[PDB]
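For the numbers below, each heavy atom of this structure counts, side chains included, while hydrogens, waters and symmetry mates do not. Sequence lines set the chain letters: A, B, ... in the order given, protein chains first and strands last, and positions in each chain run from 1.
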Amino acid sequence: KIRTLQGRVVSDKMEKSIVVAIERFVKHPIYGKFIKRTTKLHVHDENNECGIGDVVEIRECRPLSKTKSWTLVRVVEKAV
Amino acid sequence: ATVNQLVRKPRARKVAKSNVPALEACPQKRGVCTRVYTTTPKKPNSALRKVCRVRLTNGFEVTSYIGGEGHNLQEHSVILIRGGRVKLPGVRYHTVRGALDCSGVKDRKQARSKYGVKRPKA
Amino acid sequence: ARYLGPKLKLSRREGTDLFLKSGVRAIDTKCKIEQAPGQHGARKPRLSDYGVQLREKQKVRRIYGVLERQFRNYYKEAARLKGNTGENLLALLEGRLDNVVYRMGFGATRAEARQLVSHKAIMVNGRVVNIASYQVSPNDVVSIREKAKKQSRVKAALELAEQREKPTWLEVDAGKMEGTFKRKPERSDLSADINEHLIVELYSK
Amino acid sequence: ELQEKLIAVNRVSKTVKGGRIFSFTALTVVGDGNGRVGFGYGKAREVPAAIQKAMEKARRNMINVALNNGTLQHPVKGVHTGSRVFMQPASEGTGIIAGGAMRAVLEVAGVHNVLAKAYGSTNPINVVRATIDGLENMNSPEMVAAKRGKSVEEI
Amino acid sequence: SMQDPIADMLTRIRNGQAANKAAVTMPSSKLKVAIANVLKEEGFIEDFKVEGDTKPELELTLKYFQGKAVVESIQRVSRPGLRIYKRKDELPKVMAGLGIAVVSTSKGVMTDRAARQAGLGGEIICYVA
Amino acid sequence: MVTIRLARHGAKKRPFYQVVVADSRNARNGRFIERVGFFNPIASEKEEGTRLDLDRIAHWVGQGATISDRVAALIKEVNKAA
RNA sequence: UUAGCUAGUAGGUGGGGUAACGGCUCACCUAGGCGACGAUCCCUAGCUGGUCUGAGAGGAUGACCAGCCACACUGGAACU
RNA sequence: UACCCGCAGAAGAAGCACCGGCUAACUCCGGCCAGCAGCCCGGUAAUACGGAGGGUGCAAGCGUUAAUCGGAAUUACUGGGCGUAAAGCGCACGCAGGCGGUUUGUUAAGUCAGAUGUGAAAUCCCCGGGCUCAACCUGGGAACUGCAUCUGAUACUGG
């Protein structure tokens with residue numbers, strides 16, 4: 001019921017944090033073609049639960065560091 | 001071009017280069033007459049065109065035409081130039097007659113405002 | 001902001017009577033109407049398309065005595081209004097105050113009608129209106145002021161108008177020197193020798 | 001009682017041993033004003049003879065146009081060698097918004113309201129040929145209705 | 001390779017109409033059958049039949065009126081390289097309403113006026129004039 | 001504080017005031033929160049020159065918004081006439 | 001005709017700090033982070049509602065009016 | 001002050017550009033010179049130079065210059081091309097990227113529908129109102145083609 005996002009984890013080398021890439025399908029404003037656009041977010045991953053490739057559901061929260069403002073909700077698909 | 005080729009590199013609007021770059025988007029520019037001389041036309045035509053070289057206030061040094069019949073213009077004369085080329089290759093500006101050093105063409109009765117001639121009072 | 005020079009020159013150039021004179025004579029007895037003005041008036045050169053459009057626009061303008069800025073604004077408003085642009089333009093031209101005063105019979109010419117209006121001698125709904133371009137609306141009542149009813153200009157104009165045709169949208173009483181603007185004239189009520197589409201094409205190019 | 005209109009007069013020349021031989025070509029268009037229009041093209045060593053030949057060729061070779069209350073049925077595109085032409089039906093009161101040759105064709109054809117535009121080369125001969133080809137390929141609701149084997153409820 | 005079979009069906013129809021072919025055959029598909037249904041109910045083709053089980057073959061019977069082509073123009077609008085979707089208030093009308101525009105709305109493949117009456121938009125499959 | 005006042009629009013010598021609810025620090029014709037009416041001081045008495053909503057005005061006054069003296073007189077005259 | 005950039009740099013624990021979250025700051029640890037969807041570097045530039053033009057899509061533009069931002073001789077700093 | 005009233009007398013008030021074609025407007029007079037020219041005249045009867053007469057267009061303005069868009073479909077998304085006019089890499093393999101045969105099920109990301117919130121006022125547009133008309137001011141509406149959220153649809157694209 002809370003507004004959230006969904007993307008795949010592209011990096012988990014940092015501790016308690018992951019980098020999730022939110023891919024979106026946007027129509028080109030001029031030529032009308034539907035192009036892919038990637039939004040990479042630094043997400044807070046406590047317990048280090050997410051590996052590379054997991055399709056995770058994230059939500060926005062207060063700033064947790066210089067670049068982290070999103071936190072993890074749950075993992076949908078797990079790197080396989 | 002394919003829509004994808006345009007997505008990757010859009011259309012590049014052709015940029016138009018000015019024909020009077022020494023004015024710098026100004027209608028008129030002031031300058032001092034460096035050298036007053038005459039020039040011969042090009043091919044078909046045959047005359048002795050009255051022209052002058054003028055260093056403008058922005059540092060540009062350009063050759064400017066002196067329209068009308070007869071002119072009293074010497075070196076160090078501070079005139080006002082405007083756009084408008086002479087078809088005399090190289091000359092791309094005209095001297096405003098009646099502008100602070102260039103007296104109007106004497107004995108003008110028609111198209112006086114184009115040559116800075118006061119209206120002859122009856 | 002006014003044309004003060006020769007009047008019959010305009011009608012000679014347009015090749016058509018523009019009613020620039022009162023009507024004590026025929027224009028044929030005052031000028032060579034069938035000959036264009038000037039030294040080279042005997043010649044008639046083949047007019048271009050732009051020539052015909054310009055000449056029709058100038059004929060309408062010189063008929064109504066309207067300069068170019070006001071006529072351009074008239075065309076702009078007519079193209080803005082809904083319907084056909086040409087009849088809108090002619091209705092906007094006929095709605096003017098000096099035009100109505102002339103058509104009402106208080107002016108021998110539209111120039112003297114404009115002089116009557118401008119000199120504060122014409123009332124609209126009891127209010128003295130001295131604007132020649134004043135748009136007269138339906139049901140408006142136009143009358144000569146008490147002070148100007150004594151002028152022989154209005155008498156001669158009344159007589160000269162009685163010898164003219166009567167417009168269908170004007171209910172005028174020559175005794176009270178007053179009239180009523182009943183409605184805007186339809187396209188079929190004005191002159192049939194005026195091609196509005198020429199003006200529309202000239203102003204839409 | 002059809003209307004005839006001279007669109008363009010052009011002076012062409014052929015060279016011979018003695019020098020240049022100048023002749024004149026005239027492009028005209030005729031039409032009855034309610035859906036029939038035809039263009040003629042005549043070459044002659046003089047201008048009035050060229051115009052006469054053009055008028056005789058234009059009085060024959062006339063096509064039929066399926067008009068719709070004095071305007072087009074639908075937006076049409078006409079194409080000849082270099083000229084590409086676009087015509088579009090307008091509402092009542094707009095007039096003919098078209099170039100010279102297009103104006104002549106659409107005016108003698110009977111079209112009163114149209115928004116037109118000429119692309120490519122504006123050659124008068126090719127422009128009038130493209131306009132005629134676009135107007136004759138324009139079909140009416142009855143034509144498509146009878147060609148589809150269903151009533152004309154699309155109108 | 002074959003990356004647009006719907007444009008291939010339209011091209012087969014156009015080429016069979018220009019060559020005065022009596023009928024055109026092609027590999028069948030659900031979308032092809034839906035578009036052929038829309039074309040037949042609008043009166044652009046006579047009939048269509050799907051033959052075969054493991055490799056269905058769709059056969060459209062082309063239509064002529066005066067020895068002339070019934071389908072004057074048929075174009076692919078939405079294509080793999082550029083998809084075109086329209087809302088119900090901006091659905092296109094071909095030939096100022098005399099032609100049809102095959103639209104794929106959430107309630108199946110239908111014409112543009114049927115999608116307008118149904119208050120629907122979707123992918124503009126093709127224009128048939 | 002939040003105040004309900006007039007913003008002098010119109011032409012020269014023919015003022016037309018818009019009764020606006022605005023933060024009192026902004027400029028006269030500047031940023032405002034909500035327009036709650038108008039006031040034409042040179043009305044011909046043939047037409048209306050006082051169409052200020054009293055519902056939202058009372059709602060804002062209930063929230064501590066201040067009423068300027070001219071707007072207070074306008075509210076008084078609107079209540080008397082209606 | 002700028003392809004690599006970054007050491008408080010990215011994150012974590014703890015102390016401090018702020019009205020408030022936060023490398024905002026410090027100690028330590030981990031070795032990361034940004035980048036071909038143009039990072040870095042260079043030139044130009046106040047942003048918007050809007051204005052002009054255009055059938056439209058667009059192109060140009062950001063004076064007046066209104067909103068936001070920045071500046072107050074130049075550089076720095078805090079006090080109330 | 002606006003506005004109104006009285007006085008006197010046409011009395012205090014018309015200029016600028018252009019006229020070879022494009023482009024509305026033509027004759028006379030003075031040597032490739034003087035000069036004009038936005039793009040295509042003048043070497044001794046120049047509608048193109050300069051003057052005069054006449055005319056044309058605007059008009060308390062008129063022209064020139066500078067600048068933007070249009071015309072320019074002349075950066076072509078709408079809406080262009082590449083044999084010879086400018087344009088197919090000398091040829092191939094191939095990563096990223098773009099696209100992808102056919103059937104079923106599922107999802108509802110793209111797509112579509114509805115609703116809510118927002119999209120400041122002014123400006124643009126429509127119907128009226130007040131300035132003697134207009135400009136201008138102004139009431140109401142439409143518009144702001146956008147974004148987010150929620151609920152559904154499942155034909156097509158995607159997983």
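- For the pair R76(E) (side chain) and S78(E) (backbone), a donor-acceptor distance under 3.5 Å is present.
- Residue contacts shown for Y3(C) include a base, since a base heavy atom lies under 4.0 Å away.
- You'll find a donor-acceptor pair under 3.5 Å spanning the side chain of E15(A) and the base of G11(G), going by distance alone.
- The six-membered rings of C93(H) and its strand neighbour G94(H) lie with centres under 5.5 Å apart and planes within less than 30°, so the two bases count as stacked.
- For the criterion of Watson-Crick or G-U wobble pairing, both bonds shorter than 3.5 Å, the nucleotides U132(H) and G20(H) do not count as partners.
- Taking only side-chain nitrogens and oxygens, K50(B) comes nearer than 4.0 Å to OP1 or OP2 of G35(H).
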Pull out every protein N or O sitting under 3.5 Å from an N or O of nucleotides 108-113 of chain H, one pair per line with the distance.
| unit_1 | atom_1 | unit_2 | atom_2 | d |
| --- | --- | --- | --- | --- |
| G110(H) | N2 | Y85(E) | OH | 3.1 |
| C112(H) | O2' | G121(E) | N | 3.3 |
| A113(H) | OP1 | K88(E) | N | 2.9 |

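- Using a 90° window around 0 for the glycosidic torsion, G23(G) falls inside it and is classed as syn.
- With hydrogens and angles left out, the side chain of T38(A) and the base of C37(G) share a donor-acceptor pair within 3.5 Å.
- When heavy atoms are screened at a 4.0 angstrom cut-off, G10(F) is found touching the sugar-phosphate backbone but no base atom.
- Considering only side-chain N and O atoms, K32(E) lies nowhere under 4.0 angstrom from the phosphate OP1 or OP2 of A155(H).
- Among the heavy atoms of the strands lying under 4.0 Å from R61(C) are primed sugar atoms or P, OP1, OP2 only; no base atom is included.
- Residue contacts shown for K106(B) are absent, as no nucleic acid heavy atom lies under 4.0 Å away.
- At a threshold of 4.0 angstrom between heavy atoms, the contacts of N29(F) are confined to the sugar-phosphate backbone, with no base atom among them.
- Among the protein residues, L64(A) comes within range of the sugar-phosphate backbone only, with heavy atoms under 4.0 Å from sugar or phosphate atoms but none that close to a base.
- Base pair annotation for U44(G) with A7(G): unpaired, by the Watson-Crick or G-U wobble rule (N1-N3 plus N6-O4 or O6-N4, or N1-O2 plus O6-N3, under 3.5 Å).
- Of the charged side-chain nitrogens involved, at least one lies within less than 4.0 Å of a carboxylate oxygen, so that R25(F) and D23(F) count as a salt-bridged pair.
- The phosphate of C39(H) (OP1 or OP2) has a side-chain N or O of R85(B) nearer than 4.0 angstrom.
- When the pucker is read from the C1'-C2'-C3'-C4' torsion, the sugar belonging to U154(H) turns out south, on the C2'-endo side.
- Base-pair annotation: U56(H) with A17(H) meets the Watson-Crick or G-U wobble criterion (two N/O distances, each under 3.5 Å).
- Within 4.0 Å (heavy atoms only), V129(C) reaches at least one base atom of the nucleic acid.
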Inset, instruction - Scan nucleotides 69-79 of chain H nucleotide by nucleotide, 5' to 3', and note B when protein non-hydrogen atoms come under 4.0 Å of the base, S if they reach only the sugar-phosphate, - if neither. - result: S--SBBBBB--
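- The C1'-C2'-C3'-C4' torsion of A46(H) is negative, so its sugar falls on the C2'-endo, or south, side.
- Among the protein residues, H9(F) comes within range of the sugar-phosphate backbone only, with heavy atoms under 4.0 Å from sugar or phosphate atoms but none that close to a base.
- At the phosphate of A24(H), OP1 or OP2 sits under 4.0 Å from a side-chain N or O atom of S48(C).
- Glycosidic conformation at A70(G) (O4'-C1'-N9-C4 for purines, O4'-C1'-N1-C2 for pyrimidines): anti, more than 90° from 0.
- Neighbours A108(H) and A109(H) form no stacked pair of bases, judged on six-membered rings against the 5.5 Å and 30° limits.
- At the heavy-atom level, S1(E) lies nowhere under 4.0 Å from the strands shown.
- At the heavy-atom level, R83(E) lies under 4.0 Å from the strands shown only through sugar-phosphate atoms.
- Looking at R83(E) and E123(E), a side-chain N of the basic residue comes within less than 4.0 Å of a carboxylate O on the acidic one, giving a salt bridge.
- Residue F39(F) is out of contact with every strand shown, counting any heavy-atom pair closer than 4.0 Å.
- Under a stacking criterion requiring six-membered ring centres under 5.5 Å apart and planes under 30°, the adjacent bases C62(H) and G63(H) are classed as stacked.
- Across all strands shown, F71(C) has no heavy atoms under 4.0 Å from either base or sugar-phosphate atoms.
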